[PDB]
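Novice: Structure file protein.csv (CSV, C-alpha atoms and all ligand atoms) right here:
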```csv
chain,number,residue,atom,x,y,z
A,75,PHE,CA,-17.9,37.4,-12.7
A,76,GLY,CA,-18.0,37.6,-8.9
A,77,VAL,CA,-21.8,37.8,-9.0
A,78,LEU,CA,-21.7,34.7,-11.2
A,79,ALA,CA,-19.6,32.9,-8.7
A,80,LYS,CA,-22.3,33.7,-6.1
A,81,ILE,CA,-24.7,32.1,-8.4
A,82,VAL,CA,-22.3,29.1,-8.6
A,83,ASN,CA,-22.0,29.0,-4.8
A,84,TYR,CA,-25.7,29.2,-4.2
A,85,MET,CA,-26.3,26.4,-6.8
A,86,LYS,CA,-23.5,24.5,-5.2
A,87,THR,CA,-25.2,24.7,-1.8
A,88,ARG,CA,-28.5,23.7,-3.3
A,89,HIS,CA,-26.9,20.6,-4.9
A,90,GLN,CA,-25.3,19.9,-1.6
A,91,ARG,CA,-28.7,20.3,0.0
A,92,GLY,CA,-29.8,17.3,-2.2
A,93,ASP,CA,-31.9,19.0,-4.8
A,94,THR,CA,-31.2,19.9,-8.5
A,95,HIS,CA,-34.6,21.4,-9.3
A,96,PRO,CA,-34.3,24.1,-12.0
A,97,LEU,CA,-35.3,27.8,-11.3
A,98,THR,CA,-35.8,30.9,-13.4
A,99,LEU,CA,-33.0,33.5,-13.6
A,100,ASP,CA,-35.2,36.1,-11.8
A,101,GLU,CA,-35.6,33.7,-8.8
A,102,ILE,CA,-31.9,33.0,-8.9
A,103,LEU,CA,-31.2,36.8,-8.9
A,104,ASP,CA,-33.6,37.2,-6.0
A,105,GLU,CA,-32.2,34.2,-4.0
A,106,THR,CA,-28.6,35.5,-4.6
A,107,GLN,CA,-29.8,39.1,-3.8
A,108,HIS,CA,-28.5,40.2,-7.1
A,109,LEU,CA,-31.8,41.4,-8.6
A,110,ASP,CA,-30.4,44.9,-9.2
A,111,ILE,CA,-27.4,43.7,-11.1
A,112,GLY,CA,-28.8,45.6,-14.1
A,113,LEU,CA,-30.0,44.7,-17.7
A,114,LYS,CA,-26.5,44.7,-19.1
A,115,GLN,CA,-25.0,42.0,-16.7
A,116,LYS,CA,-28.3,40.0,-17.0
A,117,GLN,CA,-27.8,40.1,-20.8
A,118,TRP,CA,-24.1,39.0,-20.4
A,119,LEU,CA,-25.5,36.2,-18.2
A,120,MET,CA,-28.1,35.2,-20.8
A,121,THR,CA,-25.6,35.4,-23.7
A,122,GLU,CA,-22.5,33.9,-22.1
A,123,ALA,CA,-22.8,32.7,-18.4
A,124,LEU,CA,-26.0,30.7,-19.2
A,125,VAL,CA,-25.4,29.6,-22.8
A,126,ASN,CA,-21.6,29.6,-23.3
A,127,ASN,CA,-21.6,27.7,-20.0
A,128,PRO,CA,-19.8,24.4,-20.7
A,129,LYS,CA,-21.7,22.4,-18.1
A,130,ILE,CA,-25.0,24.1,-17.6
A,131,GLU,CA,-28.1,21.9,-17.5
A,132,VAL,CA,-31.1,23.3,-19.2
A,133,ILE,CA,-34.3,21.5,-18.1
A,134,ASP,CA,-37.9,22.5,-17.8
A,135,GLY,CA,-37.1,25.7,-19.7
A,136,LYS,CA,-34.9,26.8,-16.8
A,137,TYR,CA,-31.2,26.5,-15.9
A,138,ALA,CA,-30.0,23.9,-13.3
A,139,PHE,CA,-27.1,21.9,-12.0
A,140,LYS,CA,-24.0,23.9,-12.6
A,141,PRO,CA,-21.2,22.6,-10.2
A,142,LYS,CA,-21.2,19.1,-11.6
A,143,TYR,CA,-21.4,17.2,-14.9
A,144,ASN,CA,-18.7,14.5,-14.8
A,145,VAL,CA,-20.6,12.1,-12.5
A,146,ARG,CA,-24.4,11.4,-12.1
A,147,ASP,CA,-24.6,7.8,-10.9
A,148,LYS,CA,-23.6,8.7,-7.4
A,149,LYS,CA,-22.4,5.2,-6.6
A,150,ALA,CA,-19.1,3.2,-6.4
A,151,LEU,CA,-17.3,2.8,-9.7
A,152,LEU,CA,-18.1,-0.9,-10.0
A,153,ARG,CA,-17.8,-0.6,-13.8
A,154,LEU,CA,-14.6,1.3,-13.7
A,155,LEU,CA,-13.1,-1.2,-11.2
A,156,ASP,CA,-14.2,-4.3,-13.0
A,157,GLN,CA,-11.8,-3.6,-15.8
A,158,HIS,CA,-8.3,-5.2,-15.5
A,159,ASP,CA,-6.5,-2.5,-17.5
A,160,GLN,CA,-8.5,0.7,-17.0
A,161,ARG,CA,-9.2,0.0,-13.3
A,162,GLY,CA,-9.1,2.6,-10.8
A,163,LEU,CA,-9.7,6.1,-9.7
A,164,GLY,CA,-8.2,7.4,-6.5
A,165,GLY,CA,-10.6,10.2,-5.6
A,166,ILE,CA,-10.8,13.1,-3.2
A,167,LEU,CA,-12.7,12.3,0.0
A,168,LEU,CA,-14.4,15.8,-0.3
A,169,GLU,CA,-15.6,14.9,-3.8
A,170,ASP,CA,-17.3,11.8,-2.6
A,171,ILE,CA,-18.9,13.6,0.3
A,172,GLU,CA,-20.1,16.5,-1.9
A,173,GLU,CA,-21.5,14.2,-4.7
A,174,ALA,CA,-24.5,13.0,-2.7
A,175,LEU,CA,-24.3,12.0,1.0
A,176,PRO,CA,-21.6,12.2,3.7
A,177,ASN,CA,-19.1,9.3,3.4
A,178,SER,CA,-18.6,8.7,7.2
A,179,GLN,CA,-21.9,6.9,7.9
A,180,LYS,CA,-21.7,4.4,5.0
A,181,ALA,CA,-17.9,4.2,5.7
A,182,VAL,CA,-18.2,3.0,9.3
A,183,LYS,CA,-19.9,-0.1,7.9
A,184,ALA,CA,-17.8,0.0,4.7
A,185,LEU,CA,-14.4,0.1,6.6
A,186,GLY,CA,-14.4,-3.7,6.8
A,187,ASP,CA,-16.1,-4.4,3.5
A,188,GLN,CA,-15.3,-2.2,0.5
A,189,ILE,CA,-13.4,1.0,1.5
A,190,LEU,CA,-9.8,1.8,2.4
A,191,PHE,CA,-8.4,5.1,3.7
A,192,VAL,CA,-4.9,6.4,2.8
A,193,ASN,CA,-3.5,9.8,4.0
A,194,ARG,CA,-2.8,11.5,0.6
A,195,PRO,CA,-3.9,15.1,-0.2
A,196,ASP,CA,-1.5,15.9,2.6
A,197,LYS,CA,-1.3,13.8,5.7
A,198,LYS,CA,-4.5,15.4,6.9
A,199,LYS,CA,-6.2,14.8,3.6
A,200,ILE,CA,-7.7,11.4,2.8
A,201,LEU,CA,-8.2,9.3,-0.3
A,202,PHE,CA,-10.7,6.5,-0.7
A,203,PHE,CA,-9.8,3.0,-2.2
A,204,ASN,CA,-10.1,-1.1,-1.7
A,205,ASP,CA,-8.6,-4.7,-1.3
A,206,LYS,CA,-8.6,-8.6,-1.8
A,207,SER,CA,-6.3,-11.7,-0.7
A,208,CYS,CA,-5.1,-12.3,2.9
A,209,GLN,CA,-1.7,-11.7,4.5
A,210,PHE,CA,0.6,-14.7,4.1
A,211,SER,CA,2.1,-15.8,7.5
A,212,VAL,CA,0.9,-15.1,11.0
A,213,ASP,CA,3.9,-13.6,12.8
A,214,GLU,CA,4.9,-10.4,14.7
A,215,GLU,CA,5.1,-9.7,11.0
A,216,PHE,CA,6.5,-6.2,11.1
A,217,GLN,CA,9.7,-7.6,12.8
A,218,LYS,CA,10.2,-10.4,10.3
A,219,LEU,CA,9.2,-8.2,7.4
A,220,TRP,CA,11.8,-5.6,8.4
A,221,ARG,CA,14.5,-8.5,8.3
A,222,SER,CA,13.2,-9.5,4.8
A,223,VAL,CA,13.6,-6.5,2.6
A,224,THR,CA,15.7,-9.0,0.6
A,225,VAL,CA,19.1,-7.6,-0.3
A,226,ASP,CA,18.6,-5.1,-3.2
A,227,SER,CA,22.3,-5.6,-2.6
A,228,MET,CA,24.0,-6.9,-5.8
A,229,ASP,CA,25.8,-10.1,-6.8
A,230,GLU,CA,22.2,-11.3,-6.6
A,231,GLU,CA,22.0,-13.4,-9.8
A,232,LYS,CA,25.2,-14.9,-8.1
A,233,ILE,CA,23.4,-15.1,-4.6
A,234,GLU,CA,20.7,-17.3,-6.3
A,235,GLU,CA,23.5,-19.2,-8.0
A,236,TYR,CA,25.2,-19.6,-4.6
A,237,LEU,CA,21.8,-20.5,-3.1
A,238,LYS,CA,21.1,-23.2,-5.7
A,239,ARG,CA,24.5,-24.9,-5.4
B,11,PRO,CA,0.7,-16.1,-15.5
B,12,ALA,CA,-2.6,-15.3,-13.8
B,13,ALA,CA,-1.6,-17.3,-10.7
B,14,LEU,CA,1.6,-15.3,-10.7
B,15,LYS,CA,-0.4,-12.2,-10.4
B,16,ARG,CA,-2.0,-13.5,-7.2
B,17,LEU,CA,1.3,-14.7,-5.8
B,18,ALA,CA,2.8,-11.2,-6.5
B,19,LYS,CA,-0.3,-9.6,-4.9
B,20,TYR,CA,0.0,-11.9,-1.9
B,21,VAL,CA,3.6,-11.1,-1.4
B,22,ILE,CA,3.1,-7.4,-1.7
B,23,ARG,CA,0.2,-7.5,0.8
B,24,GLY,CA,2.1,-9.2,3.6
B,25,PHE,CA,5.3,-7.2,3.1
B,26,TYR,CA,5.0,-3.6,1.9
B,27,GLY,CA,2.4,-1.2,3.2
B,28,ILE,CA,-0.6,0.2,1.5
B,29,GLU,CA,1.1,3.5,0.4
B,30,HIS,CA,3.4,1.2,-1.7
B,31,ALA,CA,0.7,-1.2,-2.5
B,32,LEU,CA,-1.7,1.2,-4.3
B,33,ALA,CA,1.0,2.3,-6.7
B,34,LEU,CA,2.1,-1.4,-6.8
B,35,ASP,CA,-1.4,-2.4,-7.8
B,36,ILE,CA,-0.9,-0.4,-11.0
B,37,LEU,CA,2.5,-1.8,-11.5
B,38,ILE,CA,0.8,-5.2,-11.1
B,39,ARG,CA,-1.1,-4.3,-14.3
B,40,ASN,CA,2.4,-4.1,-15.8
B,41,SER,CA,2.5,-1.4,-18.5
B,42,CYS,CA,5.0,1.2,-19.7
B,43,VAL,CA,3.8,4.5,-18.3
B,44,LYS,CA,5.1,8.1,-17.7
B,45,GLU,CA,5.5,9.5,-14.2
B,46,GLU,CA,3.1,12.4,-14.9
B,47,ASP,CA,0.3,10.1,-16.0
B,48,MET,CA,0.9,7.9,-13.0
B,49,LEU,CA,0.9,11.1,-10.9
B,50,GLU,CA,-2.5,12.3,-12.4
B,51,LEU,CA,-4.2,8.9,-11.9
B,52,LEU,CA,-2.9,8.4,-8.3
B,53,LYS,CA,-2.9,12.0,-7.1
B,54,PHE,CA,-0.1,11.0,-4.7
B,55,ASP,CA,2.6,13.4,-3.9
B,56,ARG,CA,5.5,13.4,-6.4
B,57,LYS,CA,8.1,13.2,-3.6
B,58,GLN,CA,6.6,10.1,-1.8
B,59,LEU,CA,5.9,8.5,-5.1
B,60,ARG,CA,9.5,8.7,-6.2
B,61,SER,CA,10.4,7.3,-2.7
B,62,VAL,CA,8.2,4.3,-3.5
B,63,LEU,CA,9.5,3.8,-7.0
B,64,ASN,CA,13.1,4.0,-5.8
B,65,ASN,CA,12.5,1.6,-3.0
B,66,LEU,CA,10.9,-0.7,-5.7
B,67,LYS,CA,13.9,0.0,-8.0
B,68,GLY,CA,16.0,-1.1,-5.0
B,69,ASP,CA,13.9,-4.3,-5.0
B,70,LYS,CA,14.6,-4.5,-8.8
B,71,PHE,CA,10.9,-4.9,-9.1
B,72,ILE,CA,11.1,-2.1,-11.7
B,73,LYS,CA,13.0,-1.4,-14.9
B,74,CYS,CA,13.1,1.8,-16.9
B,75,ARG,CA,13.5,3.3,-20.3
B,76,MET,CA,15.5,6.5,-20.5
B,77,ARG,CA,14.3,8.7,-23.2
B,92,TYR,CA,15.8,13.5,-20.0
B,93,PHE,CA,12.4,11.7,-20.0
B,94,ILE,CA,11.8,8.6,-17.9
B,95,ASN,CA,9.4,5.7,-18.3
B,96,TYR,CA,8.9,2.8,-15.9
B,97,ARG,CA,8.0,-0.9,-16.4
B,98,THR,CA,7.9,-4.0,-14.2
B,99,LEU,CA,10.8,-6.5,-14.5
B,100,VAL,CA,8.4,-9.3,-13.2
B,101,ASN,CA,10.8,-12.1,-12.5
B,102,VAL,CA,12.7,-10.8,-9.5
B,103,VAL,CA,10.1,-13.2,-8.0
B,104,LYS,CA,12.0,-16.5,-8.1
B,105,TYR,CA,15.0,-14.9,-6.4
B,106,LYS,CA,12.7,-13.2,-3.9
B,107,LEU,CA,11.0,-16.5,-3.0
B,108,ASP,CA,14.4,-18.2,-2.6
B,109,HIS,CA,16.0,-15.5,-0.4
B,110,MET,CA,12.9,-15.6,1.8
B,111,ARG,CA,13.2,-19.4,2.2
B,112,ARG,CA,16.8,-18.9,3.3
B,113,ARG,CA,15.5,-16.2,5.7
B,114,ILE,CA,12.8,-18.6,6.9
B,115,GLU,CA,15.4,-21.4,7.2
B,116,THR,CA,18.0,-19.3,9.1
B,117,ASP,CA,15.1,-18.7,11.6
B,118,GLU,CA,14.6,-22.5,11.5
B,119,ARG,CA,18.3,-23.0,12.1
B,120,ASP,CA,19.0,-23.3,15.8
B,121,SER,CA,19.8,-20.0,17.7
B,122,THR,CA,19.7,-21.5,21.2
B,123,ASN,CA,23.2,-22.2,22.4
B,124,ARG,CA,22.8,-25.7,23.9
B,125,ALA,CA,25.3,-26.7,26.6
B,126,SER,CA,25.4,-23.4,28.0
B,127,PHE,CA,25.8,-22.0,31.5
B,128,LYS,CA,25.3,-18.4,32.7
B,129,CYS,CA,26.0,-16.4,35.8
B,130,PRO,CA,22.8,-14.8,37.1
B,131,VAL,CA,24.9,-11.9,38.5
B,132,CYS,CA,26.7,-10.7,35.4
B,133,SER,CA,24.0,-12.0,32.9
B,134,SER,CA,26.8,-13.0,30.6
B,135,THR,CA,27.2,-16.3,28.8
B,136,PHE,CA,29.6,-19.2,28.7
B,137,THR,CA,29.6,-22.7,27.2
B,138,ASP,CA,30.1,-26.4,28.0
B,139,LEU,CA,33.8,-26.1,27.2
B,140,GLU,CA,34.1,-23.1,29.6
B,141,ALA,CA,32.9,-25.3,32.4
B,142,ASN,CA,36.2,-27.1,32.5
B,143,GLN,CA,37.9,-23.8,33.3
B,144,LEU,CA,35.1,-22.1,35.3
B,145,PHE,CA,34.8,-25.0,37.7
B,146,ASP,CA,36.6,-24.8,41.1
B,147,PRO,CA,37.4,-27.9,43.2
B,148,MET,CA,37.5,-26.1,46.5
B,149,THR,CA,33.7,-25.4,46.3
B,150,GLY,CA,32.9,-28.5,44.2
B,151,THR,CA,30.8,-26.4,41.8
B,152,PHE,CA,31.2,-23.9,39.0
B,153,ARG,CA,32.3,-20.3,39.4
B,154,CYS,CA,32.3,-17.3,37.0
B,155,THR,CA,35.5,-15.4,36.3
B,156,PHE,CA,35.3,-11.7,37.1
B,157,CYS,CA,32.4,-12.2,39.6
B,158,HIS,CA,32.8,-15.3,41.7
B,159,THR,CA,29.3,-16.7,41.7
B,160,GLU,CA,27.6,-20.0,40.8
B,161,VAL,CA,26.3,-20.2,37.3
B,162,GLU,CA,22.9,-21.6,36.3
B,163,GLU,CA,20.9,-22.4,33.2
B,164,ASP,CA,21.1,-20.2,30.1
B,165,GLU,CA,17.5,-19.0,29.4
B,166,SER,CA,18.5,-15.4,28.7
B,167,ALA,CA,18.2,-13.1,25.6
B,168,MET,CA,17.7,-16.3,23.6
B,169,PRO,CA,14.0,-17.2,23.6
B,170,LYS,CA,13.0,-19.6,26.4
B,171,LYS,CA,12.5,-23.4,25.9
B,172,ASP,CA,8.7,-22.8,25.8
B,173,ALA,CA,9.3,-19.7,23.7
B,174,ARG,CA,11.5,-21.8,21.4
B,175,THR,CA,8.5,-24.1,20.9
B,176,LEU,CA,6.3,-21.1,20.1
B,177,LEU,CA,8.6,-19.8,17.3
B,178,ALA,CA,9.3,-23.3,15.9
B,179,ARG,CA,5.6,-24.0,15.7
B,180,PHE,CA,5.1,-20.5,14.2
B,181,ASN,CA,7.8,-21.4,11.6
B,182,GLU,CA,6.0,-24.8,11.1
B,183,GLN,CA,2.8,-22.8,10.6
B,184,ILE,CA,4.6,-20.5,8.1
B,185,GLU,CA,5.8,-23.4,5.9
B,186,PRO,CA,2.3,-24.5,4.7
B,187,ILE,CA,1.0,-20.9,4.0
B,188,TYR,CA,3.8,-20.3,1.5
B,189,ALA,CA,3.4,-23.9,0.1
B,190,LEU,CA,0.9,-23.0,-2.6
B,191,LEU,CA,3.1,-20.1,-3.6
B,192,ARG,CA,6.0,-22.6,-4.1
B,193,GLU,CA,3.5,-24.8,-6.1
B,194,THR,CA,2.7,-21.6,-8.2
B,195,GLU,CA,6.5,-21.2,-8.5
B,196,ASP,CA,6.9,-24.8,-9.5
B,197,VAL,CA,4.3,-24.4,-12.3
B,198,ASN,CA,5.9,-21.0,-13.3
B,199,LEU,CA,9.3,-22.7,-13.5
B,200,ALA,CA,7.8,-25.3,-15.7
B,201,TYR,CA,6.5,-22.5,-17.9
B,202,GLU,CA,10.1,-21.4,-18.0
B,203,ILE,CA,11.5,-24.8,-19.0
B,204,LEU,CA,9.5,-24.5,-22.2
C,1,ZN,ZN,29.8,-13.9,36.6
```
What's the structure tokens form of this structure?

Specialist:
Amino acid sequence: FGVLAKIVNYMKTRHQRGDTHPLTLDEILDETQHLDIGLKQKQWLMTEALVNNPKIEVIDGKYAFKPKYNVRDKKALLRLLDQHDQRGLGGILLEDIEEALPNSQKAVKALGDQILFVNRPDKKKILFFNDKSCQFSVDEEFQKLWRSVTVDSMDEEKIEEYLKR
Amino acid sequence: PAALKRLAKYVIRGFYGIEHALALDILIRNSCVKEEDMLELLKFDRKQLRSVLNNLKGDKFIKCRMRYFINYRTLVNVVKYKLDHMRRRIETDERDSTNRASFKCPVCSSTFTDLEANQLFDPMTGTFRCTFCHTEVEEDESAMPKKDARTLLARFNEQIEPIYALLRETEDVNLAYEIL
């Protein structure tokens, strides 16, 4: 299993590197320095780790792309967002950076266009999201706003009654 | 009530912050949902999320179903009251706060009125004189925003009135939808 994780980690780094080109098992053994893992483990790999693998990509007669399977478009979820009922997707910042290219470069331009950052995966952690209409009144705003939290203080159907009279 | 969705969005954007607003965006969709599903989608922290929902509950923006198991839904129409209370808030600001006829002693920085002139005056000096600190009183432009500051807030209020006008017009059409 540990050995298999080193295969996963290598593959992870290669995906991160930008490439998803498939390789033979032997090459992967070599590159992971696990060539002498023995016939038995190799066989376990062939008849479980490589075939019972729920998200292994077989292409060009070789095994590729293990870390990811859920997303391949590597672009903003324009389709997901367009919907008025199924809209959404708060996503991890590290997921977006891992998927293809680092967020920060696109983001600096994006920060006043399509992206919003909230501190939420811990205050150090960041989630990416987005916006739409303006603020209502120019003002100090925070001072007026803090005097406007309504009155979530009862007799309020009666405070509108009183207010109407 | 598609326009009502914008007015609600507007109002949330100016008031509450983005930590409230992202959850609020889902609440804007208005659907009965479980806390766990809302937690999975948002990936917020359960504690802060409950803080948000409870603050919203305080606003009465939300209503629930008790199955215990709890489900949350939007009460929608806490909006007419919210608009009205805000107008009173805007109006109270528009009501005068500057005490006119109005002298103050520059030494004690306290305040007195026109009526208190008839008692704080002294004939021996032919001018006014404070009580506990015998000094001449002058003007009033203290703590209460200056004459030129008054103009700046009154204009600001005057600038506030139009920007909420369309919302009232939205409200006017919504109230017509409620006549029917
Ligand atoms: Zn005095």

Novice: Quick one: residues within 7 Å of ligand ZN 1 (chain C), with only C-alpha atoms and all ligand atoms, as a PDB file with C-alpha atoms, in the coordinates of the input?

Specialist:
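Ended up saving to out_27.pdb:
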```pdb
ATOM      1  CA  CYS B 129      26.000 -16.400  35.800  1.00  0.00           C
ATOM      2  CA  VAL B 131      24.900 -11.900  38.500  1.00  0.00           C
ATOM      3  CA  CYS B 132      26.700 -10.700  35.400  1.00  0.00           C
ATOM      4  CA  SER B 134      26.800 -13.000  30.600  1.00  0.00           C
ATOM      5  CA  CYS B 154      32.300 -17.300  37.000  1.00  0.00           C
ATOM      6  CA  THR B 155      35.500 -15.400  36.300  1.00  0.00           C
ATOM      7  CA  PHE B 156      35.300 -11.700  37.100  1.00  0.00           C
ATOM      8  CA  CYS B 157      32.400 -12.200  39.600  1.00  0.00           C
ATOM      9  CA  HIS B 158      32.800 -15.300  41.700  1.00  0.00           C
ATOM     10  CA  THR B 159      29.300 -16.700  41.700  1.00  0.00           C
TER      11      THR B 159
END
```

Novice: Neighbouring residues of range 193-199 of chain B were defined as those with any atom within 8 Å, considering all atoms listed in the file; residues of the same chain fewer than 6 positions away were excluded. Please report them as a list in words.

Specialist: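 Once the nearby chain positions are removed, what remains is residues 11, 13, 14, 17 and 104 of chain B.
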
Novice: Please produce a file of those selected residues containing C-alpha atoms, as an mmCIF file, in the frame of the given file.

Specialist:
```
data_model
loop_
_atom_site.group_PDB
_atom_site.id
_atom_site.type_symbol
_atom_site.label_atom_id
_atom_site.label_comp_id
_atom_site.auth_asym_id
_atom_site.auth_seq_id
_atom_site.Cartn_x
_atom_site.Cartn_y
_atom_site.Cartn_z
ATOM 1 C CA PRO B 11 0.700 -16.100 -15.500
ATOM 2 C CA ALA B 13 -1.600 -17.300 -10.700
ATOM 3 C CA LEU B 14 1.600 -15.300 -10.700
ATOM 4 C CA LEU B 17 1.300 -14.700 -5.800
ATOM 5 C CA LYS B 104 12.000 -16.500 -8.100
#
```

Novice: Please report as a PDB file with C-alpha atoms, keeping the file's coordinate frame which residues of chain B come no farther than 7 Å from chain A, using only C-alpha atoms.

Specialist:
```pdb
ATOM      1  CA  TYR B  20       0.000 -11.900  -1.900  1.00  0.00           C
ATOM      2  CA  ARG B  23       0.200  -7.500   0.800  1.00  0.00           C
ATOM      3  CA  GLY B  24       2.100  -9.200   3.600  1.00  0.00           C
ATOM      4  CA  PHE B  25       5.300  -7.200   3.100  1.00  0.00           C
ATOM      5  CA  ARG B  39      -1.100  -4.300 -14.300  1.00  0.00           C
ATOM      6  CA  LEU B  51      -4.200   8.900 -11.900  1.00  0.00           C
ATOM      7  CA  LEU B  52      -2.900   8.400  -8.300  1.00  0.00           C
ATOM      8  CA  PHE B  54      -0.100  11.000  -4.700  1.00  0.00           C
ATOM      9  CA  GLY B  68      16.000  -1.100  -5.000  1.00  0.00           C
ATOM     10  CA  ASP B  69      13.900  -4.300  -5.000  1.00  0.00           C
ATOM     11  CA  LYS B  70      14.600  -4.500  -8.800  1.00  0.00           C
ATOM     12  CA  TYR B 105      15.000 -14.900  -6.400  1.00  0.00           C
ATOM     13  CA  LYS B 106      12.700 -13.200  -3.900  1.00  0.00           C
ATOM     14  CA  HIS B 109      16.000 -15.500  -0.400  1.00  0.00           C
ATOM     15  CA  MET B 110      12.900 -15.600   1.800  1.00  0.00           C
ATOM     16  CA  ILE B 184       4.600 -20.500   8.100  1.00  0.00           C
ATOM     17  CA  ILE B 187       1.000 -20.900   4.000  1.00  0.00           C
ATOM     18  CA  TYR B 188       3.800 -20.300   1.500  1.00  0.00           C
TER      19      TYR B 188
END
```

Novice: Just need the box for range 67-97 of chain B, edges along x, y and z, holding every atom the file lists for it with 6 Å tacked onto each side, so centre and edge lengths in Å to one decimal, as AutoDock Vina command-line options.

Specialist:
```
--center_x 12.0 --center_y 4.3 --center_z -14.1 --size_x 20.0 --size_y 30.4 --size_z 30.2
```

Novice: Just checking: using all atoms listed in the file, which residue out of B:29, B:55, B:165, B:185 ends up closest to residue 121 in chain B?

Specialist: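 Smallest separation from residue 121 in chain B among the options: B:165.
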
Novice: Would you mind telling me which residue in B:180, B:71, B:92, B:127 lies nearest to residue 162 in chain B when using only C-alpha atoms?

Specialist: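 Closest to residue 162 in chain B of all the choices is B:127.
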
Novice: I want to know what sits within 8 Å of residue 40 in chain B, based on only C-alpha atoms, with residues of the same chain fewer than 2 positions away left out; could you give that as a VMD selection string?

Specialist: chain B and resid 36 to 38 42 97 to 98

Novice: So how many Å separate CA of residue 93 in chain A and CA of residue 126 in chain A, to one decimal?

Specialist: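 Atom-to-atom, CA of residue 93 in chain A and CA of residue 126 in chain A are spaced 23.7 Å apart.
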
Novice: Work out how far CA of residue 34 in chain B is from CA of residue 77 in chain B, in Å to one decimal.

Specialist: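 Atom-to-atom, CA of residue 77 in chain B to CA of residue 34 in chain B, that is 22.8 Å.
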
Novice: Just to confirm, what's the straight-line distance from CA of residue 124 in chain B to CA of residue 176 in chain B in Å (one decimal)?

Specialist: 17.5 Å

Novice: Need the shell around residue 123 in chain A: protein/DNA/RNA residues with any atom at most 9 Å away, counting only C-alpha atoms. Skip same-chain ones fewer than 6 positions apart. Format as a PyMOL selection string?

Specialist: chain A and resi 75+78+130

Novice: Could you rebuild range 131-142 of chain A with N, CA and C atoms and give it back as a PDB file, in the frame of the given file?

Specialist:
```pdb
ATOM      1  N   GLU A 131     -26.961  22.740 -17.131  1.00  0.00           N
ATOM      2  CA  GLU A 131     -28.100  21.900 -17.500  1.00  0.00           C
ATOM      3  C   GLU A 131     -29.333  22.679 -17.651  1.00  0.00           C
ATOM      4  N   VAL A 132     -29.811  22.750 -18.888  1.00  0.00           N
ATOM      5  CA  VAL A 132     -31.100  23.300 -19.200  1.00  0.00           C
ATOM      6  C   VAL A 132     -32.187  22.193 -19.092  1.00  0.00           C
ATOM      7  N   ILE A 133     -33.146  22.368 -18.189  1.00  0.00           N
ATOM      8  CA  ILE A 133     -34.300  21.500 -18.100  1.00  0.00           C
ATOM      9  C   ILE A 133     -35.508  22.248 -17.604  1.00  0.00           C
ATOM     10  N   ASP A 134     -36.677  21.816 -18.070  1.00  0.00           N
ATOM     11  CA  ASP A 134     -37.900  22.500 -17.800  1.00  0.00           C
ATOM     12  C   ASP A 134     -37.897  23.987 -18.128  1.00  0.00           C
ATOM     13  N   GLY A 135     -37.225  24.326 -19.228  1.00  0.00           N
ATOM     14  CA  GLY A 135     -37.100  25.700 -19.700  1.00  0.00           C
ATOM     15  C   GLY A 135     -36.342  26.625 -18.718  1.00  0.00           C
ATOM     16  N   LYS A 136     -35.560  26.033 -17.823  1.00  0.00           N
ATOM     17  CA  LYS A 136     -34.900  26.800 -16.800  1.00  0.00           C
ATOM     18  C   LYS A 136     -33.477  26.188 -16.582  1.00  0.00           C
ATOM     19  N   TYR A 137     -32.608  26.873 -15.843  1.00  0.00           N
ATOM     20  CA  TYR A 137     -31.200  26.500 -15.900  1.00  0.00           C
ATOM     21  C   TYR A 137     -30.922  25.843 -14.503  1.00  0.00           C
ATOM     22  N   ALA A 138     -30.355  24.641 -14.539  1.00  0.00           N
ATOM     23  CA  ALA A 138     -30.000  23.900 -13.300  1.00  0.00           C
ATOM     24  C   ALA A 138     -28.626  23.356 -13.306  1.00  0.00           C
ATOM     25  N   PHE A 139     -28.268  22.769 -12.167  1.00  0.00           N
ATOM     26  CA  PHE A 139     -27.100  21.900 -12.000  1.00  0.00           C
ATOM     27  C   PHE A 139     -25.846  22.386 -12.713  1.00  0.00           C
ATOM     28  N   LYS A 140     -25.180  23.336 -12.064  1.00  0.00           N
ATOM     29  CA  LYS A 140     -24.000  23.900 -12.600  1.00  0.00           C
ATOM     30  C   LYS A 140     -22.655  23.306 -12.064  1.00  0.00           C
ATOM     31  N   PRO A 141     -22.509  23.151 -10.728  1.00  0.00           N
ATOM     32  CA  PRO A 141     -21.200  22.600 -10.200  1.00  0.00           C
ATOM     33  C   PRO A 141     -20.715  21.344 -10.817  1.00  0.00           C
ATOM     34  N   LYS A 142     -21.602  20.400 -11.114  1.00  0.00           N
ATOM     35  CA  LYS A 142     -21.200  19.100 -11.600  1.00  0.00           C
ATOM     36  C   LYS A 142     -21.726  18.651 -12.917  1.00  0.00           C
TER      37      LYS A 142
END
```
